Student: 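Structure below; questions to follow.
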Amino acid sequence: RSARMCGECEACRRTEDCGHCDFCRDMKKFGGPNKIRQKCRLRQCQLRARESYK
DNA sequence: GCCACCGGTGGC
DNA sequence: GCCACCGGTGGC
Ligand SMILES: [Ca+2]
Ligand SMILES: [Zn+2]
Ligand SMILES: [Zn+2]
């Protein structure tokens with residue numbers, strides 16, 4: 001429960017990255033160049049994340 | 001004013 | 001020293 005996490009929504013309760021969204025595809029562990037550096041789209045808090053991350 | 005980056009660090 | 005993931009912003 002931080003500035004960007006309500007700790008209660010479905011996104012906040014996911015711990016696993018989907019591996020198929022733009023943010024995951026950017027990640028090194030999914031073969032990306034690690035230039036965007038955000039959490040999986042599915043883990044973006046529904047209440048508190050920047051709107052364009054949702 | 002928005003958002004794709006990019007710089008930075010809390011918490012290991 | 002690393003890595004997840006945040007906040008600031010150049011360029012639009
Ligand atoms: Ca540190
Ligand atoms: Zn994802
Ligand atoms: Zn949430």
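Reminder, nothing fancy here: chain letters follow the sequence lines and each chain counts from 1. Side-chain atoms are counted along with the backbone in the values below, which use heavy atoms only and exclude waters and symmetry mates.
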Student: Please evaluate residues A/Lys39 and A/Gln44 with respect to the criterion side-chain contact (heavy atoms from CB on, under 4.5 Å), reporting the C-alpha separation (whole Å), side-chain torsions for both, the decisive distance (0.1 Å), and the verdict.
Tutor: CA-CA 7 Å; A/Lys39 287 191 282 216; A/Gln44 293 289 351; 3.6 Å; yes
Student: Verify, without hydrogens or angle tests, whether A/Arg4 (side chain) and A/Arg48 (backbone) share a donor-acceptor contact under 3.5 angstrom.
Tutor: yes
Student: Nearest whole angstrom, please: distance from the P of B/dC5 to the NZ of A/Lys39.
Tutor: 20 Å
Student: Taking the basic N atoms (NZ, or NE/NH1/NH2) and the acidic carboxylate oxygens, is any pair closer than 4.0 Å for A/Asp26 and A/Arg37?
Tutor: no
Student: Can you tell me how far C1' of B/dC3 sits from NZ of A/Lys54, to the nearest Å?
Tutor: 15 Å
Student: Separation of A/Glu51 atom CD from B/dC3 atom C1', in whole Å?
Tutor: 13 Å
Student: How many whole angstroms separate atom CZ of A/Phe23 from atom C1' of C/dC5?
Tutor: 11 Å
Student: Roughly, in whole Å, what's the span from NZ in A/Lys29 to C1' in C/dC5?
Tutor: 12 Å
Student: Could you run down the sub-3.5 Å N/O contacts of the protein with nucleotides 8-12 of chain B?
Tutor:
{"residue": "B/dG8", "atom": "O6", "partner": "A/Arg37", "partner atom": "NE", "Å": "3.4"}
{"residue": "B/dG8", "atom": "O6", "partner": "A/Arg37", "partner atom": "NH2", "Å": "2.6"}

Student: Roughly, in whole Å, what's the span from OH in A/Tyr53 to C1' in C/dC5?
Tutor: 9 Å
Student: According to salt bridge (charged side-chain N to carboxylate O under 4.0 Å, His left out), who are the partners of A/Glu16, at least two apart in sequence or on a separate chain?
Tutor: none
Student: Round to a whole Å and report the spacing from CD1 of A/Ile36 to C1' of C/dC5.
Tutor: 13 Å
Student: Going through the distances and angles, do A/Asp22 and A/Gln38 end up as a side-chain contact (heavy atoms from CB on, under 4.5 Å)?
Tutor: CA-CA 9 Å; A/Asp22 51 341; A/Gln38 310 299 326; over 6 Å; no
Student: Starting from P on B/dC6, measure out to CG on A/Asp26 and report it in whole angstrom.
Tutor: 10 Å
Student: Could you check whether A/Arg25 makes a cation-pi contact with A/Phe30, meaning its NZ or CZ is under 6.0 Å from the centre of the six-membered ring and within 45° of the ring axis?
Tutor: no
